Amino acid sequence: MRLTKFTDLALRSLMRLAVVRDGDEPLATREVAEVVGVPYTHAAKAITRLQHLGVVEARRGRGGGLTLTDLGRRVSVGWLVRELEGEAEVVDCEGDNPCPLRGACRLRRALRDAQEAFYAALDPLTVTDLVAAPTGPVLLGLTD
């Protein structure tokens, strides 16, 4: 059981954008992707996703890059992981070869509850929490 590199990459991007100095300069996607150490092209897809979600402002030209939106700073990590991962079932009951235990599986209820426990354990935290010490100092130091 593992989170997509898409989701973790997008959260890296959100954190980098969250440590930015208030009104220093908008960040180009390349510089964020290189600071957090991910391929630029994957980061750009994550940026388009985050922009659709409303957490990241992506100025498109004439001077301008990436800004953390008001929303971006107060949204919870649980909501972000739900929207970036897609809350898809933790098991593929109705795949190409569906399980005969559909419609009367207590394991499916159990795994439903466990996945909700995961997401709810993420639900309190915001992105400002994720960039508190010692993470914030590290991200800032990494800009050189």
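From 1 onward, residues are counted along the sequence shown.
For the two regions 21 to 29 and 124 to 132, the entry's Cα B-factors average higher over 21 to 29. Of the two segments examined, 109 to 117 and 62 to 70, it is 62 to 70 that shows the higher average Cα temperature factor in the deposited entry. Placement of the Cα temperature factor of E34 within the chain: middle third of the modelled residues, per the deposited record. Sort the modelled residues of the chain by CA B factor and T48 lands in the middle third. Compared with the other modelled residues of the chain, the Cα B-factor recorded for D92 ranks in the highest third. Per the deposited record, the Cα B-factor of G86 falls in the highest third when ranked against the other modelled residues of its chain. Per the deposited record, the Cα B-factor of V75 falls in the lowest third when ranked against the other modelled residues of its chain.
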